[PDB]
Every structure is written in structure tokens, then in C-alpha cells.
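Peer 1: Below: one structure in C-alpha cells.
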Amino acid sequence: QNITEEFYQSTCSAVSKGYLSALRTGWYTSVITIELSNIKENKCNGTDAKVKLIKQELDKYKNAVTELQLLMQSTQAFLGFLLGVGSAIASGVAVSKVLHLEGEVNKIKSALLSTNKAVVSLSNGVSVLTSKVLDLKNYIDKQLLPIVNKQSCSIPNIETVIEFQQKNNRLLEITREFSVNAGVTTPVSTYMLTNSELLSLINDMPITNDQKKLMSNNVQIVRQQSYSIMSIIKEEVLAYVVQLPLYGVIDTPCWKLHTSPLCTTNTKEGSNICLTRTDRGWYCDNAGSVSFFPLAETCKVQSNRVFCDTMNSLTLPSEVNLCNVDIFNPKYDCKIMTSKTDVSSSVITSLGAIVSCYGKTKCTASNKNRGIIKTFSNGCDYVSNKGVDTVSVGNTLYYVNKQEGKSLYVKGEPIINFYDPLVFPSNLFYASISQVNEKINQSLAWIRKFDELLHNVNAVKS
Amino acid sequence: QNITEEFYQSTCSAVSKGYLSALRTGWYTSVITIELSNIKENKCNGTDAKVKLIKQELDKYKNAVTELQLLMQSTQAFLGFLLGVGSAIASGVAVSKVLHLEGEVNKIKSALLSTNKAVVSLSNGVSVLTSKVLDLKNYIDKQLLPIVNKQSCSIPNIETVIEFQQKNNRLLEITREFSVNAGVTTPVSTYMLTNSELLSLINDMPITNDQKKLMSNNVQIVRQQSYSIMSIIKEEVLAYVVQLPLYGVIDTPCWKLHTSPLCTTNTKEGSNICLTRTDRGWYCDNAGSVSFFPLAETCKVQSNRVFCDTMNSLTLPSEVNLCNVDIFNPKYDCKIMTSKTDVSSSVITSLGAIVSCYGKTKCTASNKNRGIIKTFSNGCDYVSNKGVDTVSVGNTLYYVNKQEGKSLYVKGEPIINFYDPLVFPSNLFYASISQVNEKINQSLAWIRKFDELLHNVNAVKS
Amino acid sequence: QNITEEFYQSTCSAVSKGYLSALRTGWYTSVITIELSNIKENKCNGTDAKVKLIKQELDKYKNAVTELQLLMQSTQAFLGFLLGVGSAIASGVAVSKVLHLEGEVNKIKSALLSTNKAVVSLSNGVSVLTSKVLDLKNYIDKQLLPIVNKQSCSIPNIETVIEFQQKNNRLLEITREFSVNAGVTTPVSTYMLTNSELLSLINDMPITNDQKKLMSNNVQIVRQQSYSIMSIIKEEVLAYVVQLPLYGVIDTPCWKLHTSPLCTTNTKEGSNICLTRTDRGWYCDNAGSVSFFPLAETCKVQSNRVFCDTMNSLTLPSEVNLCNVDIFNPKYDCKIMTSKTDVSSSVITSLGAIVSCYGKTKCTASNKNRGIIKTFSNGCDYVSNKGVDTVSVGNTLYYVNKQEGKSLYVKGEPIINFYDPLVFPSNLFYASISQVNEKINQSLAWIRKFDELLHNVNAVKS
Ligand SMILES: *[C@@H]1O[C@H](CO)[C@@H](O)[C@H](O)[C@H]1NC(C)=O
Ligand SMILES: *[C@@H]1O[C@H](CO)[C@@H](O)[C@H](O)[C@H]1NC(C)=O
Ligand SMILES: *[C@@H]1O[C@H](CO)[C@@H](O)[C@H](O)[C@H]1NC(C)=O
Ligand SMILES: *[C@@H]1O[C@H](CO)[C@@H](O)[C@H](O)[C@H]1NC(C)=O
Ligand SMILES: *[C@@H]1O[C@H](CO)[C@@H](O)[C@H](O)[C@H]1NC(C)=O
Ligand SMILES: *[C@@H]1O[C@H](CO)[C@@H](O)[C@H](O)[C@H]1NC(C)=O
């Protein structure tokens with residue numbers, strides 16, 4: 001853990017380096033089966049309460065099975081706008097659709113006749129891993145049928161009721177979780193796949209030992225980037241499909257960019273111009289190029305490790321890293337946006353905070369022991385979380401992050417002081433440096449042409 | 001199931017036809033009641049464990065009732081921006097507010113004195129359907145009071161504890177689900193309304209048989225577009241309001257539009273212009289006009305049937321369908337947006353995928369048996385899911401949808417090759433064809449006027 | 001409850017006054033502890049079913065503890081774009097990180113040796129409130145060990161199994177809720193903090209009596225603006241951190257602004273200009289200034305009281321209230337946006353509805369007794385919820401809110417009739433009154449200069 005952070009005063013932005021990558025670059029699909037029963041009907045002219053409880057539990061089981069069948073017979077009769085779209089569950093749904101052909105269920109049942117785990121080939125020629133996580137058929141047919149199938153339902157025992165309830169609870173919960181999500185669920189609960197079974201699926205994937213260890217250590221995130229799909233219920237067997245991620249890129253450098261608006265500080269109201277850098281997010285080296293994640297909601301962090309998803313990313317060249325040290329470079333075209341609004345805000349970075357204090361707003365950073373230790377002036381400034389606990393930007397109070405690290409301050413004149421406020425192209429959402437430069441150079445051309453003609457007409461007088 | 005898809009090369013967009021509509025055009029409200037008890041106090045100088053368990057369950061019941069009373073005494077002392085706003089629970093909240101007038105609870109209790117279902121008229125003159133889904137009062141008053149009301153609490157039986165737990169669990173879950181949602185819940189769980197009661201409410205609505213059948217078959221979606229509202233707890237009765245949808249438009253044609261950016265392929269960096277069609281979403285014929293759903297999150301699909309919601313829609317004329325066959329028609333004004341960014345992406349359609357490959361990005365589509373089967377050039381292209389499993393657009397891998405259907409390819413020169421790159425109005429977010437045409441015709445007017453004057457001054461020399 | 005609403009016809013917007021404020025201006029953190037056990041191993045050569053049930057429950061407990069340890073050893077090896085960013089759980093995470101130093105667990109255990117509540121000082125010098133909400137150690141070590149530690153596991157009793165299940169359920173649920181949320185949860189469930197313990201924490205905060213009463217009455221919202229953070233599991237004790245809000249500003253006036261587009265009604269298609277007010281949200285007086293909440297998802301309402309959050313707000317001067325009575329005031333610069341789209345929509349306010357009816361759309365408001373009672377013309381209009389139940393704007397049907405109040409109608413000519421349609425700066429997303437005025441005054445300057453030169457050249461002929 002050697003996270004470092006730099007502040008660039010010339011553009012009012014910060015970069016945090018020192019992380020490691022774990023990117024998702026594929027999917028893995030398996031099949032999970034449950035062996036049910038087909039209890040026909042229960043009939044007793046009894047009066048004991050234990051028989052009543054047994055009948056109630058059996059009724060709940062039948063209702064769950066019927067609801068599952070009914071559900072099955074319904075499916076088969078700033079730069080966030082630059083991203084393409086895709087379907088997240090295409091592979092699992094394809095496997096589920098393959099499962100509906102005739103003879104597949106017989107193949108699955110024949111494969112797992114003796115053992116609880118096997119590898120079977122489907123019709124099209126794909127091999128998937130199967131499992132049998134529960135078996136209610138044997139217990140029901142060997143315990144409950146002798147009590148209630150033909151006899152007068154004489155005497156169940158008190159322990160049998162509790163045992164049956166404990167057995168049936170998991171199936172009830174699985175039915176409940178499929179029911180409300182219309183078939184496809186979000187992070188796979190403990191009922192769908194036990195923590196002792198997730199660690200067993202991982203030790204069967206065709207991956208390297210390092211990826212196996214990474215998936216085993218951080219198992220609470222593999223569970224948050226997975227899907228579960230209901231497939232079929234027929235011929236006394238239940239089957240659903242689990243879709244697990246694959247991490248093909250591991251241990252490559254990553255960094256994050258924090259940006260804030262940078263304005264001018266003229267006293268006259270409504271006489272200030274601003275610009276802001278719009279490309280803020282996560283960047284990670286990936287096979288000779290940089291991947292950009294702008295949604296700020298697809299990447300998780302565990303203290304040095306970032307678990308991103310490559311379906312909501314952009315592939316940029318390796319020169320995108322050069323916008324930091326220099327902004328007027330003739331090799332990349334950094335992205336900005338312009339406006340004319342002067343409002344104070346603050347951005348809480350990983351190792352400090354950025355404060356923009358424009359207008360008459362009072363901005364202050366305070367320590368918890370002495371009290372007030374800094375009074376910001378008008379501009380973009382940055383303070384580190386070493387002796388600072390909270391920062392206030394007016395009516396708002398923020399708490400800074402207290403991670404240990406090293407922060408550096410880079411001086412330099414702001415770039416907003418180089419432009420001409422009489423020709424600046426305001427209200428230019430999602431512009432770039434070259435576009436802004438082009439829009440300015442041509443207005444002066446019109447002005448000069450006008451001046452030329454005006455001089456010329458006063459030259460031809462005589 | 002006869003879904004069809006077309007690709008229009010001239011605008012880099014695709015249309016998928018063949019669906020059917022089921023639109024929500026109203027609400028239906030009912031009342032669900034529960035009959036509670038008013039156990040005052042329990043006192044025993046006992047030592048048996050069964051008495052302890054009974055007391056614990058009674059304490060949980062009292063705590064749930066108290067929490068419900070406390071909650072009740074708190075409420076009564078791209079084109080996604082074009083949509084208006086509305087309140088989703090106005091009708092249910094209105095009914096709940098009507099329920100608070102004096103004498104309403106007496107009317108409800110008198111209506112359901114003997115049967116479990118009745119129709120009653122409130123004060124203002126509206127008739128609603130009531131129900132009684134649970135009755136703990138009779139069981140408690142006829143079983144638990146003889147054990148603990150006055151006596152020394154001699155001997156409960158072991159089965160009674162389990163029976164009471166099973167009875168009380170549902171009320172505990174209902175209290176839990178109201179507690180965390182502040183009164184109004186999202187898709188109605190199995191505890192609020194049993195699957196055997198939802199199918200009974202549907203057979204009492206004033207609707208046609210076809211709508212009844214549609215609601216009965218797809219019951220997992222009627223449950224996802226419904227609300228539950230806590231109303232009152234007083235005079236030993238609990239009542240909450242359920243708000244069910246109504247589907248007034250059924251079996252009308254629908255289709256979806258997929259759009260992707262279309263750019264120019266000049267070699268020089270920063271010398272390309274782009275435009276994109278911004279109106280992508282679901283369209284459905286509705287009584288002589290087309291309804292547009294741009295949020296891309298309000299419509300569900302079950303293999304040919306689309307369950308949309310009409311509160312987040314727009315009403316467009318019937319000529320909006322004409323932007324597909326022609327884009328320069330003098331009857332509608334299709335909506336576009338312009339920029340100057342050249343980044344590669346991909347859009348996964350229903351029966352294929354659209355690939356945009358600009359710059360130095362390597363784009364490829366691969367089959368799972370042979371391997372690589374296509375290498376895209378620079379431009380907008382489209383490939384169908386017949387012999388293609390995955391497509392990669394650089395560092396990203398996508399899985400195409402494997403639905404069966406028929407796809408067609410329509411040729412034609414791209415429209416971006418007709419414009420003049422010296423006067424093209426870039427950075428024009430949310431423009432239209434006529435606006436872009438107007439902004440170009442007037443710059444040439446200024447240029448021609450300038451040329452006219454410049455020639456004229458050199459005509460008056462002598 | 002004296003809510004009032006006004007409609008300003010000149011700008012097609014409405015204001016609803018009469019509310020009260022309860023703003024969050026800080027955090028409060030406490031520690032919740034659970035006393036576990038360290039059962040080593042269970043071994044019985046038994047055959048009774050009760051022993052089997054006991055062993056199963058013990059196995060579940062061990063699995064929960066192991067999963068918790070594994071999770072712990074993973075974290076330590078329109079104007080919505082104007083808002084700054086911040087970290088919501090900085091304080092709780094800081095306290096959790098402080099908890100990991102050596103000797104802290106010993107201090108916590110020594111503080112709560114005898115009582116269930118104490119105040120203890122950590123290493124850095126901060127005092128926090130601790131608690132002991134559950135004790136499984138004593139029950140396990142005094143009941144289950146005599147049954148299964150060394151003996152042949154002779155006879156458990158039937159009531160012991162149920163008692164142990166009831167004890168263990170809460171720990172199982174806590175483990176389940178941490179497991180799927182990766183450590184940090186959203187609104188604190190009933191398992192993490194009992195409703196009888198939340199009301200006990202509130203009576204220990206260093207706050208005034210009025211804030212205590214406000215927090216006690218509306219306890220279902222204090223629970224929705226809180227976080228729970230997993231911290232540690234070691235040395236036979238479990239500890240997690242709860243982060244509760246603080247309400248520093250209470251009983252200050254608030255109001256809401258509703259805005260809708262305002263267009264021109266020329267008959268020719270594609271010849272209309274529009275403008276819309278973009279600053280819609282909640283405003284609340286706060287210490288000599290107004291706080292603006294634009295996200296429309298951070299503020300809740302209970303019939304006169306608004307529970308907002310100050311982390312997603314903006315601090316504006318006190319002159320922002322002046323845009324309502326007048327829009328051309330020389331003291332503030334109200335924010336608008338321009339376009340050229342004519343589409344009909346509707347905005348449902350608190351005491352009525354705003355209807356915009358442009359083009360050939362049919363807009364109508366209907367009562368539930370007579371039927372149709374109003375037919376809107378082309379323009380922006382407003383109708384109150386007194387004799388009106390629903391309003392339709394085409395293919396869409398809306399339900400108005402039926403709250404009691406007083407509404408007022410303010411006449412005045414629309415401002416869109418003052419501009420010149422030949423120089424109006426369309427497609428100017430997020431503009432302002434002064435910017436639009438500036439962009440118009442300078443085009444006329446160019447036209448006049450052109451005319452001047454053209455006259456001048458025809459003056460020098462001879
Ligand atoms: C991290 O920095 C520390 C300095 O305290 C030192 O151990 C070394 O430079 C780095 N350790 C690594 C990269 O393992
Ligand atoms: C000046 O005009 C040239 C075209 O001749 C253009 O390429 C350039 O971007 C403009 N601005 C500057 C600063 O050179
Ligand atoms: C759907 O297409 C098939 C062609 O395979 C044929 O049955 C018919 O054209 C269509 N059936 C319908 C619309 O029911
Ligand atoms: C040309 O100018 C006319 C106005 O005289 C305008 O209506 C039209 O949109 C412009 N462009 C074209 C292609 O006609
Ligand atoms: C609210 O209005 C009512 C009028 O019916 C009246 O009691 C008084 O003006 C107000 N009451 C308050 C503010 O307590
Ligand atoms: C007119 O031009 C002046 C600059 O001389 C500018 O300040 C003003 O905003 C423009 N418009 C009006 C209506 O005065």
C-alpha cells in the first residue's frame with residue numbers, strides 16, 4: 001500500500017496513483033440441479049396436530065412447485081453517453097435455451113446418477129459443469145410416504161416435523177427469490193450457491209493458480225458480479241444456470257483523476273469565465289492501451305485493488321496519460337467544457353480535498369483539536385488529510401478520507417488567465433482545446449477583414 | 001414469434017419488428033384487512049420452558065403491533081429530459097386518506113362480519129373490494145387466553161408453540177417490510193398478497209376475458225408494477241391498500257430502434273465530423289398515434305410481448321415511422337446530434353450487432369468453432385447472429401443474443417459524405433436536420449455578401 | 001398544515017410554500033458489540049435425532065463465524081452536474097480503522113465487563129458509546145457444553161433445540177446481511193439495531209430536547225439515512241459501527257418550484273421558439289442563505305416536514321427568491337434553456353397540475369362524477385385539485401394529488417412574446433437571461449455595421 005497523490009494547480013485537478021487492476025474479461029457458466037418429488041395427494045381422517053403440521057408443510061411444498069412451474073411456462077410461451085450498449089446475460093440465456101431441447105434433462109440425470117458432480121456435453125457440443133446441491137426426493141419418499149400414502153396416518157414423531165421444516169426452508173427461499181425478480185437475480189444469495197460450493201466451483205475453472213487465489217480471497221465481490229437464471233422444472237428435477245466472471249488482466253497499474261471547475265475572479269458580477277476537465281474516472285493499462293471507466297459506479301476498491309468491468313469502458317491510446325504533465329501538447333486533444341457560472345463546491349479526493357471558493361462564500365478547513373486552521377481565498381486550492389479532519393464550503397460540512405499516504409503539491413499559473421474575455425466561446429458544453437482554439441482564431445479574422453474593408457473605403461475617397 | 005430486423009447503412013441504425021403491446025392505462029385499488037387482538041398483559045409465576053417460549057412469542061407480537069401503531073402515527077401527525085413528471089401513488093394515497101374518516105372502520109368490519117370478501121361503499125361514494133386474509137384474533141382468544149389470562153399458567157403443549165410461531169411469522173414479515181420502506185413498498189412480496197389471492201382479485205376486476213387471461217398468464221410482471229400502501233391500525237383491525245395496474249391497449253404492433261454514431265474517415269487526426277440519431281427506444285401504435293418510450297428502463301419483454309408504462313412516454317404523430325425509409329422527407333424533422341469525436345464502440349441488437357471501428361482500433365467478430373471469421377474495416381457495419389457468437393471491438397468482448405429470426409441488409413451511401421467540412425456546425429448537441437440545414441445556408445450568405453462588397457469596392461476605383 | 005400554491009402565467013411555473021425544514025448537518029458514530037464463543041470440536045457416537053439437530057445448528061454457527069472472519073480478512077489485507085462529490089462513510093470508516101490497533105478490543109471488553117453500556121476513550125482521544133446487544137457465550141458455555149463436550153452426548157431436551165434456534169437466528173441474519181453488501185449496508189435493518197435500542201441511543205446524544213423529540217417521532221427516516229459498517233471479529237467478540245445523522249437546522253421555511261416549457265404558437269410547422277426554467281427543486285432558508293437541492297431524490301416529506309441532506313446541495317444568496325415575482329430584475333440572473341421543440345407534456349404539482357398543449361394534441365381534465373369539465377387550448381395552463389380528479393394530455397392519463405390547501409392564479413403576458421424570432425439564439429442548453437440578451441444585441445451590431453458600409457460605398461460613387 002503505497003498510494004500517492006499529486007495536485008496540479010494549473011488545471012485544478014488531482015491524480016492518485018498506486019493501485020492494481022483486476023478486470024473482468026469473460027464469463028463462465030455452470031448448471032445447478034435439485035432433485036424434487038411428485039407427491040400426488042395426501043388424505044387422512046386424522047385428528048392429531050402433528051398430522052396437521054405435516055399436511056401444512058406438504059401443502060407449502062406443493063404450492064412452491066406449482067408456482068415454479070407457472071413461472072417457467074411464461075418465458076417460453078460527464079462522458080457517460082459515449083459508451084455502447086450490450087446484453088449482460090446473453091451467454092447464460094443461450095445455455096438456458098439450449099437446455100430446453102428434448103433429451104437434455106435425461107442426459108443431465110444420467111450423468112449425475114451416482115456422483116454429485118460431473119461434466120456432460122450438450123447437443124451443440126459444449127461441455128458444462130453440473131452439480132446436485134439438494135435431494136428432497138429420497139428423504140420424502142423414504143420418510144413421509146410411509147406416514148401418509150395409504151394408511152390412516154397414525155403417528156408422526158415430533159422431530160420429523162422440525163427436520164422437514166429445516167429441509168424445506170431452502171427451497172422456499174429459492175422460490176421466493178426467483179418469484180420477485182422475474183427469473184434473473186442480482187448478487188447471488190447464499191441460498192442459490194453455498195459459500196462451500198462457490199469455493200468448489202473456483203477450483204474447477206480452467207484458469208491459472210494466481211487467478212484462483214485472487215478469486216478465493218475476495219469472494220464477496222465475485223458474488224456481486226454474478227447472475228442466476230431460472231431455466232426449467234420438469235421430470236422431477238429443477239435446474240438453474242449460474243454465470244460467474246473471469247479475470248483475464250491482473251496486476252497492471254491504475255490511477256484515478258479528480259477534476260473541479262476553474263474560474264476567473266473578476267469583481268464585477270457576471271464577468272467571469274470558467275472551464276472544467278470532463279474526463280474523470282479510472283484508467284488502467286491493458287495490453288498496450290488505456291481503458292477508461294467514466295460511469296464511476298462500475299469499479300470497486302479493496303485498499304489497493306480495483307475490480308472493474310470492461311463492458312462499460314472505452315479504449316484510448318497510450319498518449320492519454322500525457323494530458324496531466326502538459327495540456328497544450330501536440331499529441332493528444334484533452335477534453336474540457338466551458339460555462340459562465342461561479343458557484344463554490346468541493347471534491348473529496350483519496351488523500352485530501354479540493355476546494356473552489358468563488359463569490360462571497362466562506363470556505364474553511366478545520367482540525368478537531370485546535371479548531372480552525374485555514375481560511376481559503378478565492379480560487380482552486382487543495383489541502384491534505386494530515387492534520388485536517390473536516391472542511392466546510394459554506395452551509396455544507398465534509399469529512400475527508402483518513403488513509404495514510406504521501407501527497408505532493410505542484411505549482412503553476414492557472415490556464416484561465418491566458419484567454420481573452422471578449423472572444424471566449426462560452427456555453428460550449430463538451431468542447432476540446434483544439435475546438436476552442438479554432439473558434440477564437442476565426443473571429444479575429446472576421447474583425448480584421450471588417451477593419452480592412454473599412455480602411456479601404458476611406459482610401460478610395462479621391 | 002416472427003421477429004425481423006433490418007440494417008440501414010445510410011444512417012447506421014437498425015429496426016426490430018414483430019412484437020406485441022400490453023400498455024398500462026390506469027390503476028385499480030383494493031383493501032386488504034387483518035383481524036388483530038388486544039392482549040392486555042401476561043403474568044405467570046411459572047418455571048417451565050414452554051411458558052417462557054409462549055411469553056417470548058407474545059412479546060414479539062406486542063412489539064410488532066406497537067411498531068405498526070408508531071409508524072401509523074407519523075404520516076398523519078438521449079431524450080430523457082423531454083418527459084413530464086407525475087405522482088405514481090396518488091390514487092392509493094387518496095383512498096388511504098379517505099380511510100381515516102370516522103365510521104369507515106366500522107363499515108369495513110360490518111361488511112366482512114360473516115364472509116371473507118365483500119363490496120362496500122365509502123363516504124364519498126366509491127366502491128372498493130375488501131378482503132380478510134388472516135385472523136389471529138380467534139386463534140389467540142380461543143387457545144392462548146385459557147393458558148395465560150388468569151391461571152397460574154400450568155402447562156402449554158409442545159405443538160402449540162410451533163403452531164403459534166407459524167401463525168405469527170407472516171405478521172412479523174409484513175411489519176418488517178413496511179418498517180424499512182417508510183410505508184410504501186416496491187414489487188408486492190408474497191407476504192402482502194398470496195399468489196392464490198392475486199389470481200382471485202383478477203377474476204373480480206371489471207375487464208374483458210382477454211385481459212384477464214393476459215394478467216393471469218404473466219403474473220410475475222403484474223406483481224412488479226404494483227404498489228402497497230400502509231393505511232391504518234386501530235380498533236383491533238389492520239388495513240393496507242394495494243394498487244394494481246390496468247392494461248387497456250393490447251395486441252398492437254411495436255418495434256425498437258438501435259442507433260450508433262456515424263463518422264467520416266479522413267486520415268488526418270482531428271479532421272473528422274460525426275452525427276448520431278438520438279431517438280432510440282420503443283415505439284407502439286396507440287389509437288391513431290405512436291407512443292415513444294425513451295428511458296430504456298420502463299419496458300419489459302417476454303419473447304414477443306412488451307409490458308410498457310404510459311407515464312414515462314411521449315405522444316408523437318403517425319409520421320414518425322417515416323424517418324426510417326427516408327431521412328430528408330418534407331413531412332417530419334428527424335432528430336440528430338453532432339460532434340467531432342472518433343471513438344470505437346458497438347451496439348448489441350436483438351438479432352446481431354452494430355460495430356463502429358474508427359481510428360487505429362482493431363475490431364473483430366469470432367465464431368466458437370473456426371475462430372476469427374471477419375475483420376472489420378473503418379466504418380459502421382453490421383453482422384447477424386447466424387454463425388457468430390462473440391464480437392470484440394478492442395479490449396472489450398461482447399456476447400450476441402442467440403434468438404432465432406431473419407435479418408436483412410439494406411445498402412446505401414452514408415449521409416455524412418454530402419456535407420461540407422468547412423462549414424459543418426459541430427458541437428451542436430440535440431440538433432435536427434432542418435436546424436443544421438438552416439445554420440449552413442446562412443454562413444454562405446455572409447461569405448457571398450462579403451465577396452460582393454469586396455468586389456464592389458474594387459469596382460469604384462475610377 | 002397550511003400549504004399554499006401560486007401559478008405564474010408569465011413564466012409557466014408554480015411555487016408551493018408552507019413547509020418546515022429538518023436538515024442533516026453532521027454524523028454521530030457508536031459501537032455495537034456481540035459476545036461470541038470459541039467451540040472447538042463436537043464428537044458423539046450417538047443415534048438420537050435431537051443430537052443430530054443440535055450438531056446441525058452448531059455447524060451453522062461455526063460456518064457463520066468462519067464466513068465473518070473471511071470477510072474481515074479482505075478489507076485490511078436539470079442542474080445535477082453542478083454538485084461536488086464527497087465520501088459518505090468517511091467518519092465510520094475512520095473509527096473502524098482506529099478499532100484495528102492493538103489493545104482496543106481489550107479496552108472495549110474491560111469497559112463492558114459488568115454493565116451493558118459504557119463510554120470509553122480510544123487511543124487517539126475520542127470517546128464513543130458502546131453496547132452489548134447479544135450474549136451467546138454464556139448460554140452456549142452453560143447449556144450446550146455439558147451436553148456435548150466430553151460425554152457420550154446422552155440426551156438433549158426438545159425445548160433446548162428450539163431455544164438455540166431462536167438464539168442463533170439473529171446472528172445468522174446479521175451475517176447474511178453483511179455478506180451480500182460487501183461490508184457496508186443501506187437502511188439499517190431491524191436485526192442490526194432493535195427499535196428499542198435506537199430510541200435508547202437517541203436519549204444519549206449531546207443534542208437539545210427538541211431534536212430528540214423530532215428524531216423519536218420520525219424514527220422510520222432516521223433509519224433510512226444511516227449506515228452500518230463491519231469492523232472486526234477477533235478474541236471472541238464481534239463489533240460493528242453504526243453511523244447516525246444529526247439535524248442541526250430545524251423549523252425554517254421551505255418551498256418547491258415546478259417548471260414546464262413555454263413555447264410560441266405559430267401555425268407553421270417548425271417555426272416556434274421555446275424556453276424553460278431549469279432551476280427546479282427544494283429551497284430552504286439556512287443561516288442567512290438559501291440551500292438548493294436539485295437531484296429531486298434526496299429529500300423526503302411527511303405532510304409538512306422535509307428531511308433533506310446537505311451533502312448534495314448548493315449554497316445560493318438570499319436574492320434567488322426574487323426570480324419569482326420578477327424575472328428581469330437587475331439583482332439576480334435567473335437560469336433558462338432554449339430549444340425549438342413543440343411537444344405536449346404535463347407536470348403534477350402538489351395542489352394541481354400544469355398542462356402544456358402544443359400542436360394537434362388533445363388535452364383534457366376530467367372529474368369522476370360529471371365527466372369532462374375542461375378542454376385546454378394551445379398554451380401553458382393550470383388547474384387546481386378542487387373538482388378535478390384526473391387530467392389527460394393525449395394517450396397518457398395522470399392522477400392529481402388530493403391534498404387540501406389553497407391555490408392562487410396570477411395572470412400576466414408570457415415572456416416568449418417579447419423576443420424577435422429572426423435572431424433568437426436557439427439550441428442554447430443551459431443559458432441565462434443575460435447571456436441570451438448579450439447574444440442578441442451583438443448580431444444587430446453586425447447587421448447595422450454591414451448596412452453602414454453598404455450605404456457608404458454607394459456614397460463615394462462621385
Ligand atoms: C512502499 O513504500 C515503503 C516506504 O515506507 C517501502 O517499503 C517501499 O518503498 C514500498 N514497498 C513496496 C513497494 O512493497
Ligand atoms: C488559427 O487558424 C488556423 C488555421 O489557419 C487553425 O489551424 C488554428 O487552430 C487557429 N488557432 C491557432 C492558435 O493557431
Ligand atoms: C411466422 O412465420 C412462419 C414461417 O416459418 C409461418 O408460420 C408464418 O409466416 C408466421 N406465423 C404466424 C404469423 O403465426
Ligand atoms: C436556405 O435558406 C432558406 C431561407 O431562404 C431556408 O429556409 C433553408 O432551410 C436554407 N437551406 C436550404 C438547404 O434550403
Ligand atoms: C392555518 O390556517 C388556518 C385557517 O383555516 C388557521 O388555523 C391559521 O390561519 C393557520 N394555523 C396555524 C398557522 O397554526
Ligand atoms: C447591449 O449591449 C451591451 C454592451 O454595450 C450589453 O451589456 C447588453 O447586455 C446588450 N443588451 C441589452 C438589452 O442592453
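The way I read the labels, and the way they are meant: chains A, B, ... in the order of the C-alpha cells, residue 1 as the first residue of every chain, and ligand 1 as the first ligand shown, with later ones counted on from there.
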How would you write, as a PyMOL selection string, the set of residues no farther than 10 Å from ligand 4 when counting only C-alpha atoms and all ligand atoms?

Peer 2: chain B and resi 433-442+444-445

Peer 1: Identify, counting only C-alpha atoms and all ligand atoms, the protein, DNA and RNA residues located within 10 Å of ligand 1, and give them as an NGL selection string.

Peer 2: :A and (1-3 or 18 or 405-406)

Peer 1: Show me which bits of chain C are within 8 Å of chain A, counting only C-alpha atoms, as a count of residues only.

Peer 2: 37

Peer 1: Which residues come within 12 Å of residue 211 of chain C, counting only C-alpha atoms, excluding same-chain residues fewer than 6 positions away, as a PyMOL selection string?

Peer 2: chain C and resi 22-24+202-203+205+217-219+222+245-251

Peer 1: Using DSSP on the backbone coordinates, identify the residues of segment 320-443 of chain C assigned to strand (DSSP E); present them as a ChimeraX atom specification.

Peer 2: /C:335-339,345-348,353-357,364-366,372-375,379-383,390-392,397-399,406-410,431-432

Peer 1: Which residues are close to residue 64 of chain C, i.e. within 10 Å by only C-alpha atoms, leaving aside same-chain residues fewer than 4 positions away? Reply as a list in words.

Peer 2: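 The neighbour list is residues 58, 59, 60, 68, 69, 70, 171, 172, 173, 174, 175, 176 and 179 of chain C.
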
Peer 1: Quick one: residues within 10 Å of residue 326 of chain B, only C-alpha atoms counted, chain neighbours fewer than 5 positions away excluded, as a ChimeraX atom specification?

Peer 2: /B:10-11,321,334

Peer 1: Could you check which of C:44, C:97, C:200, C:308 is closest to residue 151 of chain C, using only C-alpha atoms?

Peer 2: C:44

Peer 1: Quick one: residues within 10 Å of residue 319 of chain C, only C-alpha atoms counted, chain neighbours fewer than 6 positions away excluded, as number ranges by chain?

Peer 2: C: 289-290, 331-333

Peer 1: Interatomic distance between atom CA of residue 292 of chain A and atom CA of residue 266 of chain B?

Peer 2: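 Going from atom CA of residue 292 of chain A over to atom CA of residue 266 of chain B, I get 24.7 Å.
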
Peer 1: Give me every alpha helix (DSSP H) residue in segment 123-356 of chain B, going by DSSP on the backbone, as a PyMOL selection string.

Peer 2: chain B and resi 136-139+145-147+158-180+195-202+209-217+219-222
